Amino acid sequence: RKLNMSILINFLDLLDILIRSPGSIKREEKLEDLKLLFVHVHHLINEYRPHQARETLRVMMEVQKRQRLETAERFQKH
Amino acid sequence: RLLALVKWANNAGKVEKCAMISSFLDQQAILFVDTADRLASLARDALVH
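Which chain is which? The protein sequence lines are A and B, in order.
Sequential numbering from 79 applies to the first sequence in the UniProt record's numbering.
Sequential numbering from 98 applies to the second sequence in the UniProt record's numbering.
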């Protein structure tokens, strides 16, 4: 959430660069700056990718277990 | 025609200042388009990979 808000505020400050002094050095920094921010917003959510991976194994196992018991109960009724 | 030239010789320096103005404003227009260009090169090349 911090990096989302930082991306938007640095876009507004880049608009302030384009309003006040377009020939400044800072815009090059600014056109680098939010790039670094965008990298981090990808780099955090890639860190959800192992977790998601591990978590899908967990729910698969739960569904696996449930289906076994369901067939057992189905068969026993028969 | 040389007389027309030496007549315009009083008006030479104002046209020099006008060339300075035009160069400066063209430079700032290239700054705007360069900012938009580098943002596009951020959004379509570096973040996709």
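We treat Cβ as the ideally placed atom computed from N, Cα and C, and that holds for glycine.
Element boundaries [alpha helix (DSSP H), containing residue i]
i: residue 85/A; result: 80-98
i: residue 132/A; result: 126-155
i: residue 118/B; result: 109-138
i: residue 144/B; result: Counting along the chain, residue 144/B falls outside any alpha helix (DSSP H), and DSSP gives it neither H nor E.
Residue environment, residue i, which counts as buried when at least 16 other CB atoms sit within 10 Å
i: residue 132/B; result: buried
i: residue 108/A; result: buried
i: residue 147/A; result: exposed
i: residue 103/A; result: exposed
i: residue 118/B; result: exposed
i: residue 102/B; result: exposed
i: residue 112/A; result: buried
Presumed contact (8 Å Cβ cut-off) between residue i and residue j, rounded CB distance
i: residue 37/A; j: residue 92/A; result: For residue 37/A there is no data in the structure shown, the boundaries of chain A being 79 and 156.
i: residue 100/A; j: residue 139/B; result: With a Cβ gap of about 18 Å, residue 100/A and residue 139/B do not count as contacting.
i: residue 89/A; j: residue 144/B; result: Not quite, the Cβ-Cβ distance comes to about 15 Å (not below 8 Å), so this is no contact.
Distance between residue j and residue i (C-alpha atoms, nearest Å)
i: residue 140/A; j: residue 128/A; result: 19 Å
i: residue 86/A; j: residue 80/A; result: 10 Å
i: residue 99/B; j: residue 106/B; result: 11 Å
i: residue 130/B; j: residue 123/A; result: 32 Å
i: residue 146/B; j: residue 145/A; result: 40 Å
i: residue 121/A; j: residue 84/A; result: 15 Å
i: residue 121/B; j: residue 98/A; result: 15 Å
i: residue 156/A; j: residue 118/A; result: 57 Å
i: residue 134/B; j: residue 126/B; result: 12 Å
i: residue 94/A; j: residue 82/A; result: 19 Å
i: residue 115/B; j: residue 126/A; result: 58 Å
i: residue 151/A; j: residue 137/A; result: 21 Å
* Please list the residues of the segment 86-110 of chain A that have a C-beta atom closer than 7 Å to any C-beta atom in chain B, keeping them in chain order. => Within the segment 86-110 of chain A, the residues whose Cβ lies closer than 7 Å to some Cβ of chain B are 96, 100, 101, 105, 109, listed in chain order.
* To do: Could you run through the segment 129-148 of chain A and flag, in chain order, every residue whose CB is less than 9 Å away from some CB of chain B?
  => Those would be none; no residue qualifies.
* Which of the residues in the segment 125-136 of chain B, read from start to end, lie with their CB under 8 Å from any CB of chain A? -> Within the segment 125-136 of chain B, the residues whose Cβ lies closer than 8 Å to some Cβ of chain A are 125, 128, 129, 132, 135, 136, listed in chain order.
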